[PDB]
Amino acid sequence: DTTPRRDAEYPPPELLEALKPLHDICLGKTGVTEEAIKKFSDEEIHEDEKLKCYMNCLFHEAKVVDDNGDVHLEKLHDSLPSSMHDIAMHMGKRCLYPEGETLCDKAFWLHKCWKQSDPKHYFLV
């Protein structure tokens, strides 16, 4: 079952809420559209270069990157609500080592990898 779970409990409302202002900042900086974000979240993987940098911006704004701006997966896992701890771990267990030239490339690589592993529970806002 690969259909996206979207209800009052999941994605966690408190997480969506905390991310919203970061979304406003990162959408403003990169010029990505809302539609591009929703389509990646809920339908099919697609390559939009501004979406990739939006994704990178979100990791930075969320303070889950190391000193070189790379995603620090332990910090990301700790920043998630406890209720999604196990799902996120299985979703990321074969996505440990991102490939790509730029920080935007590696951020896209991760998101794509998480979405392929568990498209029901994967989301982007």
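Numbers for residues come from their place in the sequence shown, where the first is 1.
Annotation for 107-115 versus 12-20: the higher mean temperature factor (C-alpha) is found in 12-20. Within the selection 39, 75, 50, 93, the deposited Cα B-factor values reach their highest point at 39. Sorting the modelled residues of the chain by their CA temperature factor places residue 26 in the middle third. Ranked by C-alpha B-factor against the other modelled residues of its chain, residue 84 falls in the lowest third.
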